[PDB]
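In the block that follows, a single chain appears as structure tokens, in the form deposited in one PDB entry.
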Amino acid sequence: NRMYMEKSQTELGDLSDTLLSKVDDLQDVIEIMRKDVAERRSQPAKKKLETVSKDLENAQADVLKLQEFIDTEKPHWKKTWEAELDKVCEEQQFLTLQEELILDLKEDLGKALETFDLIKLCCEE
């Protein structure tokens, strides 16, 4: 139901911040080398390479799966939101019919009195 929904929603934000992190991290460890290679000339170990490569392969896949979650839950959410937007719609459509109806009553009950009164002026004169 709707409980499931506010669950999946907080999680998305979790995965997405578990990435904004990993990525803001690589953005440094790499700007760090970039500085070291562009001026210093100190080449990083062949470890530093092999490891920051796995590091980028992780991230890269960590997106691919973040992009699953979205493409998979977006449906159900979009539908759940739709159902809800519908109930409010019909519930208000009701209060609208109802507001009209009470006018057709005020109308009809009038034309009644008007007519009941005319009869009365007939029924004595």
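Shifts are known only where both forms have a C-alpha. Basically, rigid core = biggest C-alpha set you can superpose within 1.5 Å across the two forms. Sequential numbering from 1, following the sequence displayed.
The same protein also has a form deposited in another entry, omitted here; what follows describes it.
- Superposing the two forms on their core leaves just one of 30, 59, 66, 49 with a Cα displacement of at least 2 Å between this form and the one not shown, namely 49.
- Core-aligned CA deviation for residue 39 between this form and the one not shown: 2 Å or greater.
- Once both forms are overlaid on their core, the sole residue range between this form and the one not shown with Cα shifts reaching 2 Å in three or more consecutive positions is 39-51.
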